[PDB]
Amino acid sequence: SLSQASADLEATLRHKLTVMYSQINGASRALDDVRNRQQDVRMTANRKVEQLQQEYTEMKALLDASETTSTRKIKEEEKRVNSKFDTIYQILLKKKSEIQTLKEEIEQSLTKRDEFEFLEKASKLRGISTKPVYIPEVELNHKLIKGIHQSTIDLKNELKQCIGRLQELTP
């Protein structure tokens, strides 16, 4: 009968309802999975960025170590040179004081010169002959210093080249 065709239609539609209910749950599950997958993508990315930052921090530590070393070599050269000059300064003080002493001896005999015995006493002073001072050349190691500067420039340009090539790998 038509009551049978109608109860049949009802059964069909309710079965459809249960199927579509499960398919909707499927779509919900999928929406969640999508947002989750996105957040996992983000986390992965940030992790990699943080690793990069680690490598660059080490690279900067290397640069600092180098710069400190080179700086030390330069200040050592300066130190060596200015020490030589220090020695020289001492030597000059010693010469000056010596000459000043002979000067005062002479002036002495000249003050008590009208005594008869002036000739007897001062002819020995006729002898002493003093020299003028000079300053030895002291030369800073220009080749060492210019070598360091230049090589540091070289290092920079090598680094520039390397970076260029890296970024090149990733156009």
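Numbering starts at 1 and follows the sequence shown.
Taking the mean C-alpha B-factor of each stretch as recorded, 30-38 and 121-129 are not equal, and the higher mean is that of 121-129. Look at the mean CA B-factor for 19-27 and for 5-13 in the entry; the higher one is 5-13. Each of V49, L63, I135, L110 has a CA temperature factor in the record; the biggest one is found at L110. Per-chain ranking of the deposited C-alpha B factor places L140 in the highest third. When the CA B factors of the chain's modelled residues are split into thirds, the value for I106 lands in the highest one.
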